[PDB]
Protein chains: 2
Amino acid sequence: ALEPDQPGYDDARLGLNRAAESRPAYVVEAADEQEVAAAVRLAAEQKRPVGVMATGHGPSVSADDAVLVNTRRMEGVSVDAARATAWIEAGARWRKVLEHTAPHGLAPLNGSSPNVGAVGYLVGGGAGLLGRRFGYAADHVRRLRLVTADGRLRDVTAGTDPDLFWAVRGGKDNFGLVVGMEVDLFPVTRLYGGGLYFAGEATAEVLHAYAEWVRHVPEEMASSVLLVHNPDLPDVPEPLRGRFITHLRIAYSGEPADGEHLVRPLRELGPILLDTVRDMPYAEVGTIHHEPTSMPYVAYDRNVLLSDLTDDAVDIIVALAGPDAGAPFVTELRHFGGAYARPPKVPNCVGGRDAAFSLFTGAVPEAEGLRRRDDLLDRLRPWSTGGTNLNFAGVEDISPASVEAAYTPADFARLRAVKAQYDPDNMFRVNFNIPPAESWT
Amino acid sequence: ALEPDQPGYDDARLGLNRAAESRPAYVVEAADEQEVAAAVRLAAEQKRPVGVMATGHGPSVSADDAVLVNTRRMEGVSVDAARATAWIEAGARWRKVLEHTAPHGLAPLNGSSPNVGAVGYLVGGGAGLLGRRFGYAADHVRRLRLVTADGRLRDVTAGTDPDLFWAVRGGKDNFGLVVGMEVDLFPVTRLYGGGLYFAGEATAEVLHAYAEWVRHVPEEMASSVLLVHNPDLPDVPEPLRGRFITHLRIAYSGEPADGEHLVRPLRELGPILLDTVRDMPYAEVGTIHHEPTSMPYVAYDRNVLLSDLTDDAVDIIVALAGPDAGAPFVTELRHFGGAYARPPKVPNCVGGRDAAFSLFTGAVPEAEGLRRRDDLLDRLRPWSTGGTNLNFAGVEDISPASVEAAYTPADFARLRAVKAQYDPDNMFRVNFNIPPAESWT
Ligand SMILES: *Cc1cc2c(cc1C)nc1c(=O)[nH]c(=O)nc-1n2C[C@H](O)[C@H](O)[C@H](O)COP(=O)(O)OP(=O)(O)OC[C@H]1O[C@@H](n2cnc3c(N)ncnc32)[C@H](O)[C@@H]1O
Ligand SMILES: *Cc1cc2c(cc1C)nc1c(=O)[nH]c(=O)nc-1n2C[C@H](O)[C@H](O)[C@H](O)COP(=O)(O)OP(=O)(O)OC[C@H]1O[C@@H](n2cnc3c(N)ncnc32)[C@H](O)[C@@H]1O
């Protein structure tokens, strides 16, 4: 339990995304599950809130005055090739999970970025490059080991505590900290994917075709569109530097033949500054988004879920987020539907299953820039479900009403009840917080 | 000691490049140095030859009737950040070395392909993407642990056995099997590199400019040119498929500013089908050549060293290896000079230091194809040093005269003497073999 101004406090308290500028009263760099339970026990004695950080990818509330458990040293993974499952400790990032599953020819339902904490991602739902085919990562869990608000370790399956197994798979840490989880693995060894990086002048054309194209693709095709002003930086090749880029991401988990057939029409649009679409070992999946996770940064994230992508919706995005807009934020359009739209084998509380698309924005916190982001998301409200994707929400989305928007009204009702039952003092509240039901007080 | 038709013989006997179709009398999958010494002791009892394989990247002679030591399980690496050195076990591939050195911001002098066995590469010399700046990997060794032909383990430094330290660093396994080595590490954290992938019609223009360009670059710029008929395969992006490609590889180990300045003129040539030149973590270095090492293959490798690349030399390469040639082999032109051309701090036997370029060919063994390869290398003999790069030699280069061409005449004289002294029965002869001096009998 490091305290402020002790050696390595800052090390253990600060994550990748610093937008929640937070100062925990103590930080425990847990080495194992016992240290996690001990940290939680301590906090319960001191009537203190408890938060958990594996990477700092997903900030929400300030950890001021809280105990923060840093799980980054708990990076254990083990694979059961026979049963096609992996055991993943609290702090294991997907890159490490992939190291272990690839030798067997197995893939988890990981996301766009290998740097991301597998557990935090999963308990938000977890929308990746196999998701349109298989669903949310939270829909494919065998069991959980959990530190509950009394500081007890508990093994949990759909069998032993339905309520808790349901709530944790989409509820983040609101019901306890996950020390390890057992996930189903899938026989995926290769992807046909990469990017079509179009010049700015093509943005309207591309987004219009994309809106149509997505209506015909199978569930094996995950795809998204990034719109970004790229700086003149050496970290990207010369065709992408210092200009507006519309980047179409492909991730087809079937045969390259099929993928290429689907993709080929998109090439008739242009000009294409760079084309990386290719057959790759699934291990290389993190090259499709190639998201920078080396330096810490501050970013204000916000997203809305779209019931549909229409011409007029496209035109708003072109106008407020395309080349001439001069928007100082990145915009990403991610395709959902498919398996995401169908109820999971084993129920969970993951919301937004009716969404066709996620529309995401990432912004340096600066008032002119945040205004334009606001204007863009407001102008899309008519094509919006009212929902937000929880894993793509940011530090501005911390109020109870903002968190409610991540769940269906019924799921949230039930979640409030379960929360009262498993976290009566609302100890896990350094998070996208589900408040205890008022009826349970 | 697996024998033929025992479970896992084929596993342990066959490597990546199968061009030496070899059947060892026994294969020892050594777990540690003691098993290696025991294997060598056994062979010395039985008057049998001994070969060593970590990956099968570098075949030469058939292992028929030999004992083969497979070192692939000896993959240990440890790094001394303070002293900037790594300890590398026999079988460790560069990818694993890189895993350990990158967290400290250190780089070994590895080569184009992370799949390659660090030790085998180094004892051939070892020409990589930092070589023009720092020299051969064999020029930066602190010590070796070696199993000599009596089966004894021996720690060797420039201090304790000058003759042996000299000979092993360029002599491959001719003087004993290396169980571990201690290499100097360099403070390189990033490269500016990648490819300019030009269409076939530009090949003459590019090779002519390259010939000139290389005369002005600093030692921080490693570069090469691949000429290849790419099949219509899904493993490469659509611009590179089913056509002739001239691929210019850049690897600048200075500041991106400097790299870009150097590279920019090359873009004035064209058309460029794809441009990947960018600032990257040095860990990603294996993306510059992106050589396929997943499937085994058969390949007949041959190279000649060039004293200079002239217009007429270029025109022969264009004519016999460029788009209209219909050559069924790959051709690679690699730039040497720089630190390679200067004597190493601590002497070694690595030859070809006077070469400006390596010209390499890789061929499926088929007589029409091998004829054209022969014709190309013969037609370049006037611009040739007479030498060959040992690490780039193949199964056709196994005769004493072919191996002599890898060393200066004096070095080879001395090498024959040392060989008689350390391997009097020529036990290590499943290799590019240095025969014992006749004067020592
Ligand atoms: C940064 C980022 C995030 C990201 C992404 C790409 C990047 C560059 N791509 C995603 C994608 O393709 N699909 C997706 O669904 N999400 C994606 N994300 C977001 C990511 O899922 C979330 O940010 C998630 O929170 C990441 O978890 P991580 O553990 O890495 O992050 P954290 O800040 O350290 O923790 C955030 C919250 O996660 C919950 N959490 C963390 N550990 C636990 C444990 N052990 N038990 C229970 N809950 C846990 C907490 O709520 C914590 O506050
Ligand atoms: C396949 C390949 C090779 C390669 C390369 C790229 C690819 C795809 N790029 C290279 C590069 O950029 N620069 C360079 O200098 N060489 C490059 N190579 C060639 C490589 O250096 C050689 O092929 C080398 O022989 C590789 O060694 P490896 O150990 O991987 O290969 P092997 O077939 O299993 O062994 C070949 C011979 O190496 C000597 N050897 C191997 N292990 C030992 C030990 N422990 N002690 C002593 N000698 C050893 C033997 O002579 C063995 O026969």
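Distance between the modelled labels on B:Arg267 and B:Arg154, one decimal in nanometres: 5.5 nm (7 Å Cα→Cβ projection).
Pairs exceeding 19 Å between alpha-carbon atoms, taken from A:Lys96/A:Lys345; A:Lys345/A:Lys419; B:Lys96/B:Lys172; A:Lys96/B:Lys96; A:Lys172/A:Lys419: A:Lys96/A:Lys345; A:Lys345/A:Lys419; B:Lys96/B:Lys172.
3J(HN,Hα) along the range B:72-77: 5, 7, 9, 10, x, 9 Hz, from the Karplus curve 6.51 cos²θ - 1.76 cosθ + 1.60 with θ = phi - 60°, whole Hz, x for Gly and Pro.
Annotation: extensible slack from A:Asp65 through A:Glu201 equals 44.0 nm (criterion: 0.36 nm per residue apart, minus Cα-Cα distance). Count the DSSP beta bridges whose two residues both fall in the protein assembly as shown, then state the antiparallel fraction as a percent rounded to the nearest 5. So the antiparallel bridges amount to about 85 percent of the total. How high is the relative contact order of the range A:30-116, in percent, counting Cα pairs under 8 Å that sit 6 or more residues apart? Relative contact order comes out at 24 percent.
Residues whose amide H falls under 5 Å from that of A:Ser223, counting only those 5 or more places apart or on a different chain, are A:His335, with hydrogens built in the peptide plane. Relative contact order of chain A, taken over Cα pairs closer than 8 Å and 6 or more residues apart, is 18 percent. Under 19 Å Cα to Cα from A:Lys47, which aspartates and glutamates show up? Leave out anything in the same chain fewer than 8 places away. Candidates past the 8-residue exclusion: A:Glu3, A:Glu35, A:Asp64, A:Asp65, A:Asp150, A:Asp173, A:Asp423, A:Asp425.
Only Cα pairs under 8 Å and 6+ residues apart enter the sum, and on that basis the relative contact order of the range A:9-70 stands at 50 percent.
So, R0 is 45 Å and r is the distance between the beta-carbons of A:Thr189 and A:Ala31; what FRET efficiency does that work out to, to 0.05?
0.85
Quick one: angle between helix A:162-171 and the longest Cα principal axis of chain A, in degrees between 0 and 90, rounded to 10, please. Compared with the principal axis, the helix lies near 50 degrees. For the rotational copy pair B/A, the chain B residue whose Cβ lies nearest the symmetry axis, together with its distance in Å, is B:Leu274, 3. Summarising the amide proton neighbourhood of A:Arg243: residues at separation of 5 or more, or on other chains, whose placed amide H is nearer than 5 Å comprise A:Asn230.
List the longest stretch of chain A that has no exposed loop site; here a site is one of the trypsin sites (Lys or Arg not before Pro) assigned by DSSP to anything other than H, G, I, E or B, with at most 13 other Cβ within 10 Å.
Maximal segment without exposed cleavage sites: A:216-344.
Amide hydrogen proximity for A:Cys349: with H placed 1.01 Å from N in the peptide plane, the residues at 5 or more positions away or on another chain lying under 5 Å are A:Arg169. Give me the distance between the Cα centres of the range A:202-236 and the range B:38-69, rounded to whole Å. Here the two parts' Cα centres lie 54 Å apart. Looking at the range B:122-254 alone, DSSP beta bridges between its own residues are antiparallel in about 95 percent of cases. For the range B:283-299, putting each phi into the Karplus relation 6.51 cos²θ - 1.76 cosθ + 1.60 with θ = phi - 60° gives couplings of 3, 7, 3, x, 7, 6, 8, 6, 7, x, 10, 9, 8, x, 8, 10, 9 Hz, in residue order, rounded to whole numbers and with x for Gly and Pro. Between A:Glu438 and A:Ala1, the simple label model (points 7 Å from Cα in the Cβ direction) yields a spacing of 3.6 nm. Projecting 7 Å from Cα along the Cα-to-Cβ direction, the label point of B:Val346 sits 5.7 nm from its equivalents in the other copies, listed shortest first. Inter-chain neighbour count for B:228-235: the average number of beta-carbon atoms from partner chains within 10 Å of each residue's beta-carbon is 3.
Label-point spacing at B:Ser294 relative to the other copies reads 2.6 nm, in ascending order, each point sitting 7 Å out from Cα along Cα→Cβ. The alpha carbon convex hull volume per residue for the protein assembly as shown rounds to 169 Å³. Only beta bridges with both residues in the range B:17-150 are counted; by DSSP, about 40 percent of them are antiparallel.
Between copies, A:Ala413 shows label-point distances of 9.7 nm, shortest first, with the point placed 7 angstrom from Cα along Cα to C-beta. Here is how the number arises for chain A: DSSP H runs of 4 or more residues each give -39500 (n - 2.57), the sum is divided by the residue count, and the result at 222 nm is -7000 deg cm²/dmol.
Note that the range B:404-421 has calculated 3J(HN,Hα) couplings of 4, 5, 8, 9, 6, x, 6, 5, 6, 3, 4, 5, 4, 5, 5, 4, 4, 8 Hz, one per residue in order, obtained from phi through the Karplus relation 6.51 cos²θ - 1.76 cosθ + 1.60 (θ = phi - 60°); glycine and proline are x. For the range B:190-395, the square roots of the Cα gyration tensor eigenvalues, ordered a ≥ b ≥ c, give a/c below 1.5, which places it in the rounded category.
Extending 7 Å from the Cα toward the beta-carbon at both A:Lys47 and B:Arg342 defines two label points whose distance is 7.1 nm.
Laboratory data are not the source of any read-out in this text; all were calculated from the coordinates shown. Positions of Cβ are backbone-derived with ideal geometry, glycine not excepted, and every protein chain shown enters the neighbour counts.
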